[PDB]
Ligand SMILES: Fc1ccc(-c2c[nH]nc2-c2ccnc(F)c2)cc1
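Quick setup: one chain, the form solved without this ligand, written in structure tokens, and binding and motion questions come after.
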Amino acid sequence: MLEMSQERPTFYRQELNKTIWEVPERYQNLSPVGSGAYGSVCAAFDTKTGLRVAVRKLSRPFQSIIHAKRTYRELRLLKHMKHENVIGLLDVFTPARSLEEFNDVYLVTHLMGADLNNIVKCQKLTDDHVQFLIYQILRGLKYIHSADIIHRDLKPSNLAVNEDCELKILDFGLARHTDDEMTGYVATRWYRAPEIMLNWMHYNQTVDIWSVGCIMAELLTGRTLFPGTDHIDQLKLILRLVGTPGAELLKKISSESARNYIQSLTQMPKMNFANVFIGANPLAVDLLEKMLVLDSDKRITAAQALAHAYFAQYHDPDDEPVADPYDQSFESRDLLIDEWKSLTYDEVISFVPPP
């Protein structure tokens, strides 16, 4: 009645685009799909679930302490998430039969074709389509935030949408966003809260609410809310909308130079959001206000947003689950490469697939 043995499937070996792919035979007809510095990816047919899946062979997962710790951190997150608005892990394997021969990590996920950009390129979304997506984003973030994970890079390129307008969040909780350049007229930095983009204070899950506020506004108007040609420009665009900070917010900011800078800016009142988003549903404008609050301590939570009147057609407290606890002790801990490799191997071998 209890399992003793992990029975090991049969793997087959092949070369596609000068990339060795050794995988279980359950994965057939692999198609090269692309190669970034985050792994090579193949489309594949999973004969056990009937789904079509993305197989991802990590690239150089253990080449430095930083990168070893990134491989583990990502694998830990993917394993933990079990919510239909969050990319789950459906399988993770390696050809290695022991930690000594262990080198490669493959990650199996739902093949998720289109992202929120591609969706907006092809249609003008109806009002109900927009509402439904903000709901799902907030629903998956409620989950994420329940387990004390901060997405840290929530933006349209990190949301996958299917034909029935069903949404999953991608790429949450990782250190990789620091590898993109955030200088100039760049989309990555356009969705970030001012406090992390100028490192006024340290991260906070409220940082992600700022992001969904920026996406919602883009989904209602079709325009980027804050397309700043640089940090300072983006900050000015922000303060114009939400108003210069007050005393309670300025003392929360640790750098003495940054408060001198803010108080050098000409003080401005907050703008009237009804005159900024002409034509929008008043309930949508009301909720935007509560997401776009300069002081993160006063931003709305995802759990509060779901209960806001804008979502009355979709809100149901009995279908908005929270996650199990996510132990992140390991983030403060100082290990060697080989030790991070061993903990990654241990989670690879201990993976339990979904029922």
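All residue numbers refer to positions in the sequence shown, first residue = 1.
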For the stretches 42-50 and 29-37, which has the higher mean C-alpha B-factor as given in the deposited record? 29-37
Which has the higher mean CA temperature factor in the PDB entry, 127-135 or 113-121? 113-121
Residue with highest C-alpha B-factor in the PDB entry, from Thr224, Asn85, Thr178, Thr244: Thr178
Reading the B-factor column for Cα atoms of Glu100, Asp91, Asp153, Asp233, the highest value belongs to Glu100
For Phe172, return the chain-relative third of its C-alpha B-factor as stated in the PDB record: lowest, middle or highest. highest
Modelled-residue ranking by C-alpha temperature factor, third containing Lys251: highest
Determine, from the deposited record, the chain-internal third of the Cα B-factor for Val23: lowest, middle or highest. lowest
Which third of the chain does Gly228 land in by C-alpha B-factor: lowest, middle or highest? lowest
Lowest, middle or highest third - CA B-factor, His80: lowest
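The following text describes the form solved in complex with this ligand, which does not appear among the structures shown.
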Kindly indicate whether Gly213, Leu287 and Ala307 are, all three, within 4.5 angstroms of this ligand in the entry with it bound, using heavy atoms. no
Find out whether any non-hydrogen atom of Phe226 is located within 4.5 angstroms of this ligand in the entry with it bound, and reply yes or no. no
Using a 4.5 Å heavy atom cut-off, state whether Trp200 contacts this ligand in the entry with it bound. yes
Heavy atoms within 4.5 Å of this ligand in the entry with it bound: does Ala217 have any? no
Hey, in the entry with it bound, is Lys252 touching this ligand, heavy atoms inside 4.5 Å? yes
Answer key, this ligand contact in the entry with it bound at 4.5 Å (heavy atoms) among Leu283, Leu235, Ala96, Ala274: the residue is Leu235
Considering only 285-317, what residues come within 4.5 Å of this ligand in the entry with it bound, judged by heavy atoms? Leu294, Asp295, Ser296, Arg299
